[PDB]
Structures are given as C-alpha cells and as structure tokens.
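A.B. asks: Would you mind keeping the following structure in view while I ask a few things?
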Amino acid sequence: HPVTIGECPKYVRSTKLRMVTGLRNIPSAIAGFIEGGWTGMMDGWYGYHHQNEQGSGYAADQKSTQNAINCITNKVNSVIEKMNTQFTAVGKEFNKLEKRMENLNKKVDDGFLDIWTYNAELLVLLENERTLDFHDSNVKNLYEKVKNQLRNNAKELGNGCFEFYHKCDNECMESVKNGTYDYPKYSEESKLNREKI
Amino acid sequence: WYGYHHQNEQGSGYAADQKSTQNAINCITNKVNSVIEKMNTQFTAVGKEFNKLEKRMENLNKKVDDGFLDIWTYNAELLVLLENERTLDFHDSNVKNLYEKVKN
Amino acid sequence: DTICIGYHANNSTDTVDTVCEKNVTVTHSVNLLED
Amino acid sequence: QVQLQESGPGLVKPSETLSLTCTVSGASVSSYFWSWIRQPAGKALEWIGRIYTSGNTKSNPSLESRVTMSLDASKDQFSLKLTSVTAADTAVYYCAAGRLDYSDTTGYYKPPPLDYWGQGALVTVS
Amino acid sequence: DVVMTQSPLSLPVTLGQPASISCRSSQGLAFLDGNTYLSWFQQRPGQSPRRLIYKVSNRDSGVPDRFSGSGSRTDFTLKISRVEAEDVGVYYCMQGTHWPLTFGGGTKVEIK
Amino acid sequence: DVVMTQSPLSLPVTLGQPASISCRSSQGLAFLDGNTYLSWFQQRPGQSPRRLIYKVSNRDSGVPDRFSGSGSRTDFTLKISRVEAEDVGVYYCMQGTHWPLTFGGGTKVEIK
Ligand SMILES: *[C@@H]1O[C@H](CO)[C@@H](O)[C@H](O)[C@H]1NC(C)=O
Ligand SMILES: *[C@@H]1O[C@H](CO)[C@@H](O)[C@H](O)[C@H]1NC(C)=O
Ligand SMILES: *[C@@H]1O[C@H](CO)[C@@H](O)[C@H](O)[C@H]1NC(C)=O
C-alpha cells in the first residue's frame with residue numbers, strides 16, 4: 001500500500017524483483033565448463049577436479065571465489081543503500097470545489113510511481129546480466145591460467161580438461177592448483193611421450 | 198548473419214550458421230519487446246485552466262509538467278544509447294566464438 | 302592423469318529474468334520485494 | 337554438553353614461540369569452525385584467526401606472518417603457535433567454536449560464528 | 463577493516479529502568495545470502511564472554527526476554543527493558559560479514 | 575510455445591448486426607524488422623481454411639470490406655460490421671513471430 005508511516009520500503013507496482021547472487025544451474029567422465037557444472041563440489045564456486053593413480057577428488061579455488069563474493073556483496077549493499085527509503089505521504093482530502101487540486105495531487109502521485117518502478121526493474125535486469133558475464137569471465141581466466149602454466153606438458157581434449165603426458169601425482173596436481181608449477185623437471189618425459197606418439 | 202565461405206577443387210560457395218543467427222535474432226527480439234512493454238504508455242492529461250488570481254498553481258502545474266518530460270526524455274535516450282552498444286558487442290562476441298570453435 | 306576446470310551446481314529451482322532470456326535457473330538469488 | 341578447556345604456559349621470554357592447546361570434550365572436532373581471540377588487559381577484543389577440519393587458516397591481516405594453527409582429531413586438540421613474541425602480546429586467550437554446515441558454500445567465505453567460548457588463559461611476556 | 467562505534471561508553475541506570483546501547487558501522491553489513499550477521503556479547507567481571515544476540519533480531523537460548531536488539535543498514539541498538547543485578551558488565555557488538563572479524567569498543571553498565 | 579486464447583467460444587449474432595472476436599497471446603509479438611505477424615482465418619464447414627487478415631491491419635485480396643482487424647501488444651480483435659449468411663464458420667488466430675507456429679482455439683459463428 002502506498003500510504004506508510006515510519007521507516008518503510010519504497011512502494012512499486014512490481015510482482016517479482018529477484019537478483020542473482022550465484023551461477024547458472026546447468027547440471028552435468030568428468031568434463032569441464034563446456035559440458036556443464038559439477039554437483040559434487042560444495043567447497044566453492046570455482047574449482048578443479050583431479051583423477052590420478054592415487055585417487056580422484058574435487059577442490060575449490062579460494063581466491064577467485066572470495067573476490068567474486070566480495071563484488072556481489074558490494075553489489076547488494078549498493079542496491080540497498082542507493083534507494084534511501086523514508087516516510088513518504090499520508091494523503092490529503094479536498095472538497096467538491098477543489099477538483100483541480102485533487103487531480104494535480106493524483107498526477108504527481110501517479111507520475112512518481114511509474115518512474116520509480118521503471119528504475120527498479122532496469123536496475124535488476126542490468127545487474128543480473130553483469131553478474132552472469134562476470135562469472136563466465138572468471139571461469140575463462142582460470143582456464144587460461146592453467147593452460148599458460150602447463151604449456152606443452154599436457155594435451156587439450158577440448159571440454160575444459162587437460163591430459164598429462166608425464167606422470168603427475170598429488171603434489172604435482174597441487175603445484176598447478178596453487179600457482180607454482182615448475183616446467184623443467186617434467187619436461188623430458190613429456191617430450192619422450194609426445195615424440196613417441 | 199554469420200557463416201562460412203569455402204573454396205576447393207569442386208567449387209566455391211558461401212553458407213550460413215543457422216543456430217548462432219537464430220540465438221542472436223531471439224535476443225534482439227527480446228530487446229525489442231522489453232523496450233516496448235517495459236516503458237508502457239497510456240492516457241496522460243487534458244490540461245487545466247486558471248484565472249488571473251491563481252498564478253501560483255498555474256506555475257506549479259507547469260513545473261510538474263515540465264519536470265516529468267525531461268526525466269522521460271533522458272531515460273529514453275539513455276536506454277537507446279546503452280542497448281545499441283550492447284548489441285554491437287554481442288555481435289562481435291558471437292563471431293569470435295565461431296572462429297574459436299573452427300580453430301579448436 | 303587429468304585435471305579439469307568447472308563450476309558449482311545444485312538442485313535449486315530459482316528463476317530470474319535477463320535482457321536476452323527469461324526464466325533462467327540460478328543457484329542462489331535474493332528477493333528485494335516485500336509482500 | 338560441549339565443554340572447552342584451555343591449557344598452556346603462563347610465562348614466555350621475548351623472541352620465543354608461545355603455544356596454547358584448547359582441549360575439547362563432548363563433541364567432534366570436524367563439525368565446527370575453530371577460532372582464537374585475544375584480549376589485552378582493559379582493552380578491546382581482537383580476533384586472531386580460524387581453521388576447519390579439511391584445512392585452511394585465515395588470520396587477521398596484522399598478525400598473519402607470526403601465526404600458525406593446527407587441529408588433531410585423535411586427541412581432539414586445537415593448537416596455536418605465535419612466533420616472535422613481544423611485550424604487547426600480554427593477553428587473555430579464548431578459543432571459540434562455531435557451527436559448520438557442509439551444504440552451505442558461502443559459509444567458508446565469511447567470518448565464522450562464535451557460539452561456545454572457553455575459560456581463557458593468561459599469557460605475560462617478560 | 464570495518465570500524466564499530468558504540469555509544470555511550472558508560473551508561474549508569476537504576477534498578478527497574480530501561481537502557482539502550484547503540485552500535486554504528488562504517489559499511490553496510492548485508493551479505494549475499496540475505497542476512498546481516500551482527501552479534502551482541504556480554505562480559506561479566508572476571509569471566510569469559512557469552513553471547514546474547516545472534517543476527518539483528520534473533521535471541522540465543524538461555525538469554526532472558528528482557529534483552530531485545532534491532533536495527534538496520536548502519537545503525538543497530540540493544541535495549542534492556544528491566545535492569546537487574548545480573549546485568550552488570552561490559553557489552554560489545556561484533557560483525558561477521560567482512561574479513562576480518564571486528565569487535566566493538568565496549569559499554570560498561572553500572573547500577574545507581 | 576505461445577498460448578493463444580480466443581473469446582468467446584460461440585458468438586450467435588443476428589443478420590445485420592456487428593460481431594467481435596478477441597485473441598490474446600502470452601508474449602509480445604513484435605519482431606526485429608518492425609512488424610507483428612498475426613493472422614486471422616475463416617473455415618467454412620466441410621472446406622479448407624482461407625485467409626482473411628494478414629498482419630494486424632492488412633486485409634487480403636478478395637476479402638470483403640466488412641472484415642476489419644486491429645490490436646497491439648498482447649490484445650487483438652477482429653470485427654465484422656454486417657453479418658451475412660456467408661459469414662458462418664469457425665475463425666482462428668495465429669502468430670508468425672516465434673517458433674513454433676501456434677493456432678488459436680477457434681470461435682464458431684451461428685446465425686440467430
Ligand atoms: C604450493 O603447494 C606446494 C605443495 O605441493 C608447496 O610446496 C608450495 O609451497 C605451495 N606454494 C605456495 C605459494 O603456497
Ligand atoms: C536439494 O536437496 C536437498 C537434500 O537434502 C534438500 O534438502 C533441498 O530442499 C533440495 N532443494 C530444493 C530446491 O528442493
Ligand atoms: C516463466 O515461468 C513462469 C512460472 O512457471 C511462467 O508462468 C511464465 O509463463 C514463464 N515465462 C516464459 C516466457 O516462459
């Protein structure tokens with residue numbers, strides 16, 4: 001109802017206003033972002049999956065998830081503090097010979113509501129698309145970083161996955177996970193297995 | 198809108214990618230219907246008359262009528278200018294994805 | 302010896318609206334409307 | 337009943353390493369976030385850092401270089417290791433536990449809740 | 463970090479009178495899950511701290527009904543309707559949204 | 575798909591009186607070329623359907639002038655100024671913008 005007393009939210013004639021804070025839900029031989037997402041990861045939004053001789057497991061990237069969560073939190077607080085909301089109106093009454101004032105008051109009251117409704121819907125439908133594009137960009141940066149670290153040691157299958165030519169154990173997987181993967185110690189066996197094939 | 202051109206021994210010819218063009222046409226149609234329905238228009242006013250001793254309400258009515266028009270003009274021009282740039286960047290992104298797919 | 306890069310999904314049925322597409326399923330969402 | 341008890345040395349010399357252990361009884365260690373909080377005499381509380389069972393320690397930016405935490409499920413013990421101690425480190429130390437939900441993805445990326453506190457141990461540096 | 467400001471430092475009240483403590487934040491404390499995460503803690507003299515209010519309005523089990531907290535955006539308030547002899551001590555406000563976890567300055571309650 | 579609703583199902587009218595049929599769609603029918611693409615068809619009993627109205631306002635060749643259609647956004651209307659004996663049958667509305675092609679339920683016109 002438009003008539004409010006106290007500290008009250010702003011009145012809009014909208015039925016649904018929902019804002020994205022997460023990813024797109026695309027469910028589903030574990031493959032990368034081209035096939036879809038993984039249900040079995042509950043540590044973070046973005047991450048890795050390793051399958052080797054010792055075992056198979058999932059892991060999450062903490063830094064990218066934390067930066068994304070910080071930007072989405074700032075987005076939420078920007079939406080909340082942008083529209084300061086306070087006592088708006090109580091309504092006025094007019095007699096039978098002040099019809100022009102009554103129509104002017106209705107014109108003002110019905111002209112502000114349209115502007116505020118239009119502004120709220122535009123804000124939601126722009127910020128949702130910005131959030132989704134930001135998530136896709138972050139996944140692309142992780143893929144580029146892992147590719148740039150591995151170079152010629154591993155082959156691309158497409159589908160966001162890499163197959164190691166050499167033998168890569170758990171410390172080898174954690175080396176490319178945390179950003180410190182030294183090239184030369186695994187280069188020779190990878191050269192042999194690449195040239196033999 | 199997007200597609201391939203091939204030259205080989207048997208002949209030469211153009212083609213078109215019919216899924217990417219379909220998706221682009223489907224997003225641009227959604228932008229058209231968002232522009233139309235989102236800023237809905239209706240009957241607004243008929244005008245009012247005041248005599249020689251109600252100058253203040255005449256100025257207030259003129260102030261309201263001239264303050265809403267500037268806001269709506271600014272909103273319409275800003276919406277058109279943003280959506281055009283989004284459309285152009287979307288087209289260039291689609292062409293880059295087709296090139297990356299053929300490369301891969 | 303395979304490493305892959307992907308993201309997180311669950312069983313949520315929350316839907317939002319964008320400029321290209323309507324009824325897009327998302328993992329998490331916040332309601333800003335009180336009714 | 338979840339009961340937490342602290343034990344450690346009262347006196348440490350300067351430039352040494354201070355160690356405290358927070359023995360937990362009544363509940364498993366895997367179901368809680370574990371945090372350390374220090375308080376100087378007649379001053380404000382200060383948060384040091386937190387740890388969960390799989391293993392990550394997020395500590396306060398100021399005390400990041402000199403802190404190290406660990407947890408053992410066999411003896412149900414939570415440990416602190418503070419290196420290069422100074423006379424400004426004279427404080428009462430508390431260990432706190434908060435609830436962990438494995439389905440909640442975002443809960444790893446905010447400060448943990450503080451539900452069950454501990455008795456506290458006094459450490460002076462002289 | 464994020465700065466908490468409490469008012470007043472000392473609030474002497476008589477038995478059977480209401481009291482109010484105010485906490486203010488430099489930043490908004492809303493999280494992306496839809497919550498605020500501000501807590502109110504009590505410390506008796508020579509004892510460990512215990513919690514009174516978890517989140518803006520929710521009250522912990524075992525806490526008396528005279529403790530009520532409310533607030534929004536950047537200002538929050540804890541109110542005690544009746545003050546007894548077990549209400550002595552120092553009260554703090556804490557935020558758990560942004561890294562690192564920051565505590566308030568502290569408000570001391572004395573009986574007149 | 576796109577759901578099209580027609581009103582009413584049966585519209586009995588007397589000779590020389592106007593009639594109106596309403597068609598409503600779930601989505602907007604505007605295209606990126608600047609047109610709407612909605613069509614109105616007539617079906618006589620035991621005969622193939624034939625086209626009366628193509629687009630919102632344009633009228634097909636050979637169609638009498640008494641058939642006039644107009645509308646916008648989501649609501650559209652076909653009007654007959656004078657109803658004759660050759661105006662019996664079932665009338666339909668289609669959209670030609672979105673995949674797939676959808677037809678209406680159908681409105682039957684009987685003479686009283
Ligand atoms: C990355 O992980 C390895 C263990 O595989 C460890 O030795 C190294 O110190 C880590 N790097 C960083 C920067 O923490
Ligand atoms: C997803 O599954 C869990 C299983 O415990 C259930 O609790 C939750 O309600 C489900 N989500 C939805 C949206 O139904
Ligand atoms: C979106 O979903 C709602 C809920 O099922 C439905 O009512 C609406 O028609 C849908 N819109 C589109 C364009 O599919």
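Residue numbers (our numbering), protein chains in the order written: chain A, 1 to 197; chain B, 198 to 301; chain C, 302 to 336; chain D, 337 to 462; chain E, 463 to 574; chain F, 575 to 686.
A virtual CB, placed ideally from N, CA and C, is assigned to each residue, including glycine.
What does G456/D reach in chain E if we use C-beta pairs closer than 8 Å?
C.D. replies: Here the neighbours are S510.
A.B. asks: Can you find a CB in chain F that lies within less than 9 Å of the CB of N220/B?
C.D. replies: No, because no Cβ of chain F sits closer than 9 Å to the Cβ of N220/B.
A.B. asks: Note down, in chain order, all residues in the region 103-130 of chain A with a beta-carbon under 7 Å from any beta-carbon belonging to chain D.
C.D. replies: Those would be none; no residue qualifies.
A.B. asks: Can you find a CB in chain D that lies within less than 9 Å of the CB of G44/A?
C.D. replies: Chain D, which has a Cβ nearer than 9 Å to the Cβ of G44/A, makes this yes.
A.B. asks: Between the region 347-357 of chain D and the region 444-460 of chain D, are three or more C-beta pairs nearer than 8 Å?
C.D. replies: Yes, the region 347-357 of chain D touches the region 444-460 of chain D.
A.B. asks: Pick out whichever of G208/B, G210/B, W198/B and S217/B has its Cα sitting closest to the Cα of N294/B.
C.D. replies: The shortest Cα separation from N294/B among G208/B, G210/B, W198/B and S217/B belongs to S217/B.
A.B. asks: Is the beta carbon of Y388/D less than 9 Å from the beta carbon of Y444/D?
C.D. replies: The answer is yes: Cβ separation under 9 Å.
A.B. asks: Out of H49/A, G158/A, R130/A and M19/A, point me to the one whose CA is closest to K298/B's CA.
C.D. replies: Nearest option by C-alpha distance: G158/A.
A.B. asks: Considering only residues of the same chain and omitting the five flanking positions on each side of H49/A, which have a CB-CB separation below 6 Å?
C.D. replies: Around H49/A: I30 and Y58.
A.B. asks: Once you ignore the five residues that flank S584/F on each side, which residues in its own chain have a CB closer than 6 Å to its CB?
C.D. replies: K682, listed in sequence order.
A.B. asks: Identify each residue in the region 213-247 of chain B for which the Cβ-Cβ distance to at least one residue of chain C is less than 8 Å, and report them in chain order.
C.D. replies: Those would be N223, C224, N227, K228 and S231, in chain order.
A.B. asks: Where does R130/A sit, in a helix, a strand or coil, going by DSSP?
C.D. replies: Helix.
A.B. asks: Which partner residues of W453/D appear in the DSSP bridge assignment?
C.D. replies: According to DSSP, which records beta bridges pairwise, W453/D is partnered with nothing at all.
A.B. asks: Residues in the region 594-608 of chain F with C-beta within 8 Å of chain B's C-beta atoms, listed in sequence order?
C.D. replies: Those residues of the region 594-608 of chain F that come within reach of chain B (Cβ to Cβ, closer than 8 Å) are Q601, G602, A604, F605 and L606.
A.B. asks: List, in chain order, every chain C residue whose beta-carbon is nearer than 9 Å to that of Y11/A.
C.D. replies: Those within 9 Å of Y11/A in chain C number zero; the least Cβ separation is about 10 Å.
A.B. asks: Can you tell me the Cα-Cα spacing of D412/D and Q66/A, whole angstroms?
C.D. replies: Those two C-alpha atoms are separated by around 29 Å.
A.B. asks: According to the neighbour-count rule (16 or more other Cβ atoms, all chains shown, within 10 Å of its Cβ), is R513/E buried or exposed?
C.D. replies: Label assigned to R513/E: buried.
A.B. asks: Quick one: residues with CB closer than 5 Å to any heavy atom of ligand 4, in chain order, please.
C.D. replies: The ligand content of the structure shown is limited to ligand 1, ligand 2 and ligand 3, which means ligand 4 is not among them.
A.B. asks: Quick check on the DSSP output: what are the complete alpha helix (DSSP H) runs of length 4 or more inside the region 104-184 of chain A, in order along the chain?
C.D. replies: With a minimum length of 4 residues, the continuous alpha helix (DSSP H) runs that stay inside the region 104-184 of chain A are 170-177.
A.B. asks: Across the region 263-281 of chain B and the region 9-20 of chain A, are there enough close Cβ pairs to call them in contact, namely three or more that are closer than 8 Å?
C.D. replies: No: fewer than three Cβ pairs fall under 8 Å.
A.B. asks: For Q86/A, which three-state DSSP category applies?
C.D. replies: Reduced to three states, the DSSP call for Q86/A is coil.
A.B. asks: Consider the Cβ of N324/C: report whether some Cβ of chain A lies at a distance smaller than 9 Å.
C.D. replies: Chain A contact via Cβ: absent.
A.B. asks: Name the two residues that bound the continuous alpha helix (DSSP H) containing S187/A.
C.D. replies: Unbroken alpha helix (DSSP H) run through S187/A: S187 to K196.
A.B. asks: Taking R194/A as the reference, give the member of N170/A, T88/A, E156/A and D169/A with the closest Cα.
C.D. replies: For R194/A, the nearest C-alpha among the options comes from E156/A.
A.B. asks: Is there at least one non-hydrogen atom of ligand 2 closer than 8 Å to the beta-carbon of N25/A?
C.D. replies: False, no ligand heavy atom lies under 8 Å from that Cβ.
A.B. asks: Taking a cut-off of 6 Å, which residues have a beta-carbon closer than that to any heavy atom of ligand 1, in chain order?
C.D. replies: Those residues, listed in chain order, are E171/A, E174/A, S175/A, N178/A and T180/A.
A.B. asks: What residue range does the beta strand (DSSP E) around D315/C cover?
C.D. replies: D315/C -> beta strand (DSSP E) spans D315 to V317.
A.B. asks: If I'm right that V657/F touches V587/F with Cβ under 8 Å, what's the distance once you round it to whole angstroms?
C.D. replies: The Cβ separation is near 5 Å, so the contact holds.
A.B. asks: Got a list of residues with beta-carbon closer than 6 Å to any non-hydrogen atom of ligand 2, in chain order?
C.D. replies: Ordered along the chain, the selected set is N312/C, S313/C and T314/C.
A.B. asks: Is there a Cβ of chain B sitting closer than 9 Å to that of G158/A, yes or no?
C.D. replies: Yes, its Cβ sits closer than 9 Å to a Cβ of chain B.
A.B. asks: Looking only at DSSP bridge pairs, what is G568/E linked to?
C.D. replies: DSSP lists no partner for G568/E.
A.B. asks: Just reading off the beta strand (DSSP E) that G200/B is part of, what are its end residues?
C.D. replies: Premise fails: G200/B is in no beta strand (DSSP E) and is neither H nor E.
A.B. asks: Mapping the DSSP letters down to three states, classify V76/A as helix, strand or coil.
C.D. replies: Correct three-state label for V76/A: helix.
A.B. asks: What are the boundary residues of the beta strand (DSSP E) that includes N332/C?
C.D. replies: Segment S330 to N332, the beta strand (DSSP E) holding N332/C.
A.B. asks: With which residues is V428/D paired in a DSSP beta bridge?
C.D. replies: DSSP, once it has assigned bridges, lists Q375/D and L458/D as partnering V428/D.
A.B. asks: Figure out for me which residue from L652/F, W673/F, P674/F and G636/F has the closest Cα to the Cα of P582/F.
C.D. replies: Measuring from the Cα of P582/F, the nearest candidate turns out to be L652/F.
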